[PDB]
């Protein structure tokens, strides 16, 4: 009949003195060693229940999926979202908007053919862009992010952005800037002291201008769609949401208004871009550090696909090792370590612990991906974690970078496709060369907070 144990919290500051804001994951894992896998931390005034290891996260988010179905809080993001949009909402907003969004993604591709060809075409444009560097030593960041973003930008804006559009570069800078901030010390300090810091000068204010610029843009692209709309023929996601908005103009109790559109669209545009981009950027660094994996990936491509035709999604089933590399890239990468905070919808009983209504939950996706029970060498990049003795692909229940449950990533279909069609096509046409010897390439993250971000590196893409 008691809430999980945890260190003694001082008023307002919580467990600030017992935690390091630069390495929140390490700080929570140190406390897991004393108080067990399910403990209570006070991030300032924010009472949070932290779940560590697979069993804890799965038991809570899957077995008791309905009880842990509520959405928590991410203070930097909730500065511009304020509970609006598909991602940061609860109840009838999170049920209506999650329903509409998954639907409106299938009717414009996602998981089908309409998006597979659209990703293949875009993959062919990344090939051009990298062949256009003439094998010069470059920063892959914006080359990869440009490609990735255009896939989701097709669904939400109608068409793709052109690689030279300076507003596009500016929007991608905004997306990288916030994923950088929320992963820094000041970003994680902001999760504790948002109520004060929101009004104080600093790095939090610059990050806000990045979110405002992103919101300003979506509102601009929505207004255009309004005065140029075809009510019987929707061009994109904004257009389909604009149809429903009118079919609800008579319902005062609707969740389909202008504010929820600007937000749902923004949330997707960022959530589709920066997540898959970070995974790609970390991926190529992991491959340069390990030539042996690149070589076997190359062997599988030469054998299965060839040097001619552009790889297609269905080739994945005839390609076991490749799927295992992408899986280990996502695992080691740990793109979003502490998920996107959950909240218990009603008073719960979880393993002899009481969690009152409204209690924020932190599912540590990283501790599940780095679980020593489900993985042989959780600290190393070794695709064999997802590969049995006969070289076949082996699944794992601890593989959760997309999370699990009732509020999981409904962009998993698009994300896994993008990663297969971008990694493979680049690996077929190009061989990777670093700037330094593989024994020196640092694979440890530069920042770990909301997101896990790799180090700033440079490389060259040489043809085959």
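Positions refer to the first chain, counted from 1.
Of the two stretches examined, 292-300 and 361-369, the record assigns the greater average C-alpha temperature factor to 292-300. As the entry records it, the average C-alpha temperature factor is higher for 247-255, out of 132-140 and 247-255. Taking only the listed residues 202, 85, 337, 177, the entry reports the highest CA temperature factor at 202. Between the residues 49, 415, 28, 43, the entry's highest C-alpha temperature factor is the one at 49. Ranked within its chain, residue 18 lands in the middle third, by CA B factor from the PDB record. Among the modelled residues of its chain, residue 448 has a C-alpha B-factor that falls in the lowest third, as given in the PDB entry. Residue 36: CA B factor lies in the middle third for its chain, per the PDB record. In the PDB entry, a CA B factor belonging to the lowest third of its chain's modelled residues is recorded for residue 402. Residue-level temperature factors show residue 1 in the highest third of its chain, judged at the C-alpha atom.
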